[PDB]
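Notes follow once the structure below has been shown.
Chains as they are written, first to last, in my numbering: chain X, 5 to 120; chain D, 968 to 1075; chain F, 177 to 297.
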């Protein structure tokens, strides 16, 4: 509906969560960059492991208070991921290592966000 | 004729001097294949280009053509992916450098 | 001053010496490419250690024969650094090593100019 379109734009939560639809968008953009493996491979792998969790985190929202620091951070981390694959076309050869670290941090954060 | 077709690709690749696989690896070994490509044309009537060996040389010589032509658009992330592409073309071309034209001539 | 604006255009000296002002534009420009360490880290380090020498040259220029190998080549090397850093937006990914060799060379020359004793004129 509406928040589904907000999710396409990269906004994961507006006092309600559509994390599942946002993660699908991020996965589909990162899948496009076959040759950059930190995206196409590592991130798209660890993101795909979280897609089921987000599916459930979408069917059961009232029970949880997304106010919790960890829950807020999950949206924040998923939006960080979106703004990072979206800008990959504009990333310069000299920014490879800088950009790779960023993608790796977004990778690490997302994993510990499944230890729960 | 296709000695000419090797020249146009020897020409384009030499222009990108800083990228060694093109300017120091491929063009080094398109240069050995150059006298031989010339000889093939001196013998065009006698030889049958229908032969598998010559057919492949046409295919590799254009495979090389597409790669050098498309270089200006290879993005930094596509580097290693591209370096194998041409270093696999540079493989097939080196082994073409070690052929007996006389053997094919004898085989009609 | 008009002299400082000339330093900004990449001029190191007209009659007057402006080594320290020009060397700061080149530090600032080099600082813009934070991700490219040979520029933003390696070169800026050397340039910062050269900066006090240039500052002294600028204050005591009334007393220096600027027609000497050492002072002319310093000025020239600072200018060499300027066009080398203004040129980075146009180096392509397959040129990284050539550009790095160019910068490493300027870096070397700029370090060597730190040995200068300003008193020996």
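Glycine included, C-beta positions come from ideal geometry on N, C-alpha and C.
Practice prompt. Quick one: using the 10 Å Cβ neighbour count with 16 as the cut-off for buried, is residue 64(X) buried or exposed?
Written response: On the first chain, residue 64(X) is found 60 positions in, with the first residue counted as 1. Burial call: exposed.
Item to complete: In angstroms with no decimal places, state the Cα-to-Cα distance between residue 1082(D) and residue 970(D).
Response: Limits of chain D in this structure are 968 at one end and 1075 at the other, which puts residue 1082(D) out of reach.
Practice prompt. Please classify residue 1002(D): is it buried, with 16 or more other beta-carbons within 10 angstroms of its beta-carbon, or exposed?
Written response: Counting from one through the second chain, the residue named residue 1002(D) turns up at place 35. By the C-beta density criterion, residue 1002(D) is exposed, having fewer than 16 other C-beta atoms within 10 angstroms.
Worksheet item: How many Å lie between residue 83(X) and residue 261(F) at the Cα?
Response: In the first chain, the residue the question calls residue 83(X) occupies position 79. In the third chain, the residue the question calls residue 261(F) occupies position 85. If you take the alpha carbons of residue 83(X) and residue 261(F), they lie about 35 angstroms apart.
Discussion item. Please list, in chain order, the chain F residues whose beta carbon lies closer than 8 angstroms to that of residue 99(X).
Written reply: Start at 1 with the first residue of the first chain, and residue 99(X) comes out as number 95. Contact annotation for residue 99(X) against chain F: 211 [CB-CB distance below 8 angstroms, chain order].
Worksheet item: Looking at C-alpha atoms only, which residue of 31(X), 15(X), 34(X), 52(X) is the closest neighbour of residue 118(X)?
Response: By 1-based counting over the first chain, the position of residue 118(X) is 114. Looking at 31(X), 15(X), 34(X), 52(X), the one whose alpha-carbon comes closest to that of residue 118(X) is 52(X).
Discussion item. Please identify the residue among 244(F), 250(F), 268(F) whose C-alpha is closest to the C-alpha of residue 1039(D).
Written reply: As a first step, residue 1039(D) must be located in the second chain, where it is residue number 72. For residue 1039(D), the closest C-alpha among the options 244(F), 250(F), 268(F) is that of 268(F).
Worksheet item: Are the beta-carbon atoms belonging to residue 230(F) and residue 287(F) less than 7 angstroms from one another?
Response: In the third chain, residue 230(F) corresponds to position 54, counting from 1. In the third chain, residue 287(F) corresponds to position 111, counting from 1. No, the pair does not count as a contact, with Cβ atoms beyond the cut-off.
Worksheet item: For residue 280(F) and chain D, any beta-carbon pair shorter than 7 angstroms?
Response: For this step, residue 280(F) is matched to residue 104 along the third chain. No, no contact with chain D.
Item to complete: Please state whether DSSP places residue 260(F) in a helix, a strand or coil.
Response: Residue 260(F) sits at position 84 when you count from the first residue of the third chain. In the structure shown, residue 260(F) sits in a helix (DSSP, three-state: H, G or I).
Worksheet item: Alpha carbon to alpha carbon, what distance is there between residue 36(X) and residue 91(X)?
Response: For this step, residue 91(X) is matched to residue 87 along the first chain. For this step, residue 36(X) is matched to residue 32 along the first chain. So the two alpha carbons sit approximately 13 angstroms from each other.
Fill in: Chain-ordered neighbours of residue 274(F) on chain D, where CB pairs are closer than 7 angstroms
If you number the third chain from 1, residue 274(F) lands on position 98. Within chain D, the residues near residue 274(F) are 985.
Discussion item. Measuring straight from C-alpha to C-alpha, what distance separates residue 10(X) and residue 85(X)?
Written reply: By one-based count along the first chain, residue 10(X) stands at place 6. By one-based count along the first chain, residue 85(X) stands at place 81. Each residue's alpha carbon lies about 16 angstroms from the other.
Practice prompt. Can you check DSSP and say which residues form a bridge with residue 17(X)?
Written response: Position 13 of the first chain, counting from 1, holds the residue named residue 17(X). The partner list for residue 17(X) (beta bridge, DSSP) reads 21(X).
Worksheet item: Taking DSSP as the reference, what is the three-state secondary structure of residue 241(F)?
Response: Position 65 of the third chain, counting from 1, holds the residue named residue 241(F). Reduced to three states, the DSSP call for residue 241(F) is coil.
Fill in: residue 296(F) (DSSP reduced to helix, strand or coil)
What you label residue 296(F) is simply residue 120 of the third chain in a count that begins at 1. If DSSP states are grouped into helix, strand and coil, residue 296(F) belongs with coil.
Worksheet item: Taking the alpha helix (DSSP H) that residue 1006(D) falls in, what are its first and last residues?
Response: Translated into positions along the second chain, residue 1006(D) becomes position 39. 994–1009 is the extent of the alpha helix (DSSP H) around residue 1006(D).
Worksheet item: With 16 as the cutoff for other CB atoms within 10 Å, does residue 6(X) come out buried or exposed?
Response: Here the question's residue 6(X) lines up with position 2 in the first chain. Looking at its Cβ environment, which holds fewer than 16 other Cβ atoms inside 10 Å, residue 6(X) is exposed.
Worksheet item: Straight-line CA distance for residue 1016(D) to residue 1023(D)?
Response: Taking the second chain and counting its residues from 1, one reaches residue 1016(D) at position 49. Taking the second chain and counting its residues from 1, one reaches residue 1023(D) at position 56. Residue 1016(D) and residue 1023(D) have their alpha carbons spaced roughly 10 angstroms apart.
Item to complete: Could you name the residues of the same chain whose beta carbon sits closer than 7 angstroms to that of residue 292(F), not counting the 5 residues immediately before and after it, in chain order?
Response: Along the third chain, read from residue 1 onward, the residue named residue 292(F) stands at position 116. The answer, listed in chain order, is 229, 246.
Item to complete: Within 10 angstroms of the Cβ of residue 191(F), are there 16 or more other Cβ atoms? Answer buried if so, exposed if not.
Response: Position 15 of the third chain, counted from the first residue, corresponds to residue 191(F). Residue 191(F) should be labelled exposed.
Worksheet item: CB-CB under 8 angstroms to residue 1056(D), same chain, minus the five flanking residues each way: which ones, in chain order?
Response: Along the second chain, one-based indexing puts residue 1056(D) at 89. These residues qualify, in order along the chain: 993, 1027, 1030, 1031, 1034.
Discussion item. Quick check: residue 973(D) and residue 1014(D), are their CB atoms within less than 7 angstroms of each other?
Written reply: The count along the second chain starts at 1 and reaches residue 973(D) at position 6. The count along the second chain starts at 1 and reaches residue 1014(D) at position 47. Contact: no.
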